[PDB]
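Notes follow once the structure below has been shown.
Chain letters run A, B, ... following the sequence lines, proteins first, then strands; residues in each count from 1. Because only heavy atoms are used, hydrogens play no part in the values below, and waters and symmetry mates are left out as well, while side chains stay in.
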Amino acid sequence: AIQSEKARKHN
Amino acid sequence: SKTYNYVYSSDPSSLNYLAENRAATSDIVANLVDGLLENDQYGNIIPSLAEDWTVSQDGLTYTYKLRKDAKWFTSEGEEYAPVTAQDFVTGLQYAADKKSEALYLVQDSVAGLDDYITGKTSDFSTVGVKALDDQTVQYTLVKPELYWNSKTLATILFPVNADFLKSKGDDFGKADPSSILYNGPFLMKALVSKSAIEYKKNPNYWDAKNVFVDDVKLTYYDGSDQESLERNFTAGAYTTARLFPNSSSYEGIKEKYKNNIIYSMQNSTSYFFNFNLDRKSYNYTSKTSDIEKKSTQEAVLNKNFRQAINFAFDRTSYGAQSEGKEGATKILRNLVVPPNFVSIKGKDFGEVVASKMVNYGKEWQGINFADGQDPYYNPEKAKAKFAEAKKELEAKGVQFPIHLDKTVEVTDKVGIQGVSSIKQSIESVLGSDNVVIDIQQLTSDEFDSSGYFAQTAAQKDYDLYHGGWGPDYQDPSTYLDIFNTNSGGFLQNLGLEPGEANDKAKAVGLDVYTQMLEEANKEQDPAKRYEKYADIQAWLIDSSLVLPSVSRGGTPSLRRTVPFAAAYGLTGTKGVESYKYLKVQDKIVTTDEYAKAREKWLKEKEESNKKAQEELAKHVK
């Protein structure tokens with residue numbers, strides 16, 4: 001699945 | 001009751017778990033719809049909707065027995081219909097009929113499905129999914145797949161109720177809680193764009209006894225207030241909080257929570273940079289001429305140019321923008337396939353790939369692909385690669401400097417720093433008279449419409465993209481297939497359309513890469529199959545069509561969740577994405593409490609995975 005880079009800044 | 005409160009950042013374009021391949025959809029539906037199997041706390045594949053299963057001695061036929069205390073519910077928790085085997089026939093036919101973006105998961109696996117999708121057949125009765133009775137589903141495969149059961153953790157193999165499909169028509173799967181039926185752990189109570197996502201525990205869920213939060217609220221987080229996460233955790237409003245060592249506050253936070261800062265492990269999600277090889281949209285650019293635009297369209301097709309960027313890209317500097325300079329390397333990922341994703345002959349994937357690099361030139365000599373370090377950054381190697389790139393490009397009429405467009409959300413203050421680190425690094429090594437990274441700060445609508453939520457390659461509006469892949473099943477092909485020209489899930493992010501194989505794709509060798517994937521997939525012995533994909537990953541690294549940057553995990557946080565209570569999965573959507581099995585507590589976990597739990601979990605996991613592989617034989621007919 002395609003993961004957005006954005007999520008890594010709160011994950 | 002007990003509540004889990006945190007944030008989210010991606011509104012979904014759709015709830016259509018059968019048609020989408022974007023994490024923005026699967027992350028949510030993981031909590032609302034169950035498939036045949038799921039994960040325990042140790043990564044084992046355990047019963048779900050299916051309470052038992054068998055595989056034939058030739059590995060081609062999988063039969064699943066469904067429990068019958070499983071039902072579909074409306075968004076308000078009212079019972080709609082029992083879950084039945086026909087729902088899996090309906091699901092697969094629907095995904096085929098609507099040309100799902102995740103069809104690569106099943107198109108070349110389910111017998112007769114490729115024939116059905118391409119119109120070579122018209123009768124779904126020839127496709128290898130059958131409802132033998134109401135509780136019995138049977139799949140027939142083209143060839144044996146040891147990773148097949150892991151595929152059932154992906155949403156394209158989730159069931160759907162045909163009568164609800166008929167009754168809803170084109171309204172099915174829209175971004176509205178009422179657009180789908182529910183059989184998973186939660187009901188969705190609120191889905192409000194850029195405001196919140198809210199789950200309520202479904203008390204009539206078949207496995208309600210394993211759901212330990214009654215409410216889950218996710219608040220929208222746009223990146224503009226990074227101190228919001230810690231501030232709300234400390235106030236008792238968030239169950240967890242990711243920390244930002246680069247922040248103003250971290251000095252006080254570090255001392256206040258010196259015994260509570262917890263660092264996660266890097267997981268199987270891999271981020272990488274890629275170029276737009278066929279750019280068609282220039283709404284967001286600093287180029288002012290068509291010689292500049294065409295010069296950039298030329299540079300990204302040249303391998304020496306892509307390698308120069310690869311060697312001029314300082315990953316440590318990039319990671320320090322979000323992790324502080326102490327933890328800058330804790331997130332570095334250097335392949336698309338994680339280095340330990342599979343093991344071959346006792347040596348894992350990253351070592352074998354590092355050995356395959358021996359046939360791709362002098363600039364890869366003795367490379368180390370291990371997590372947590374930067375093997376790529378090498379200024380003088382970058383200067384030598386660019387010198388050759390410039391000689392070759394200038395003979396074509398290419399004008400320098402090469403301008404490269406990179407987008408970023410105007411609210412994402414951490415992301416602005418990371419992208420500025422990349423501009424500073426590359427321009428420092430190659431010179432701003434040779435390359436210029438033009439940073440484009442966009443609204444949320446411009447960012448999504450030109451990137452992640454663009455629906456065509458033509459709409460991609462950038463020269464440089466930073467995206468990532470989450471593994472859908474337990475085989476290296478889940479990562480490496482995404483750039484293949486036939487059905488690559490990531491192709492549009494490269495500016496190419498699957499099934500077109502234009503001359504820009506051939507100019508960079510993606511047709512060759514695609515041919516290698518075909519031959520690698522036919523290999524059924526795991527050791528070779530993996531060694532063949534290692535050679536393919538090596539080819540992709542040398543091509544520098546991707547620049548591996550970072551993984552998920554490896555980040556600091558404060559926690560009020562119980563350590564190692566939630567499910568875990570190397571691949572799929574039923575691991576960390578699910579709020580099942582997760583437990584919250586009053587006390588802030590201490591670093592030492594987490595470390596003791598990690599040690600206990602690591603030992604329980606080795607024993608559990610051992611007994612799980614031993615149990616597998618019981619299931620063979």
Checklist entry - Under a 4.5 Å heavy-atom cut-off, does chain A meet the side chain of B:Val550, its backbone, both or neither? => result side chain
Checklist entry - Of the backbone (N, CA, C, O) and the side chain (C-beta and beyond), which part of B:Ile331 lies under 4.5 Å from a heavy atom of chain A, both, or neither? => result side chain
Between chain A and chain B, which N or O donor and acceptor atoms come closer than 3.5 Å?
unit_1	atom_1	unit_2	atom_2	d
A:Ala1	N	B:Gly470	O	2.8
A:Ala1	N	B:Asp472	OD1	2.7
A:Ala1	N	B:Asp472	OD2	3.0
A:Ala1	O	B:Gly470	N	2.8
A:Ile2	N	B:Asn21	O	2.9
A:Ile2	O	B:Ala23	N	2.8
A:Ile2	O	B:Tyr452	OH	3.1
A:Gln3	N	B:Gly468	O	2.9
A:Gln3	O	B:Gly468	N	3.2
A:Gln3	OE1	B:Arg552	NH2	2.8
A:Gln3	NE2	B:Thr269	OG1	3.2
A:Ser4	O	B:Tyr271	OH	3.1
A:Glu5	OE2	B:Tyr318	OH	3.2
A:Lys6	NZ	B:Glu409	OE1	2.7
A:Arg8	NH1	B:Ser322	OG	3.1
A:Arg8	NH2	B:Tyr318	OH	3.2
A:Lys9	NZ	B:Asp412	OD2	2.7
A:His10	O	B:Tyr6	OH	2.8
A:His10	NE2	B:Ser9	OG	2.9
A:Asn11	O	B:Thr555	OG1	3.2

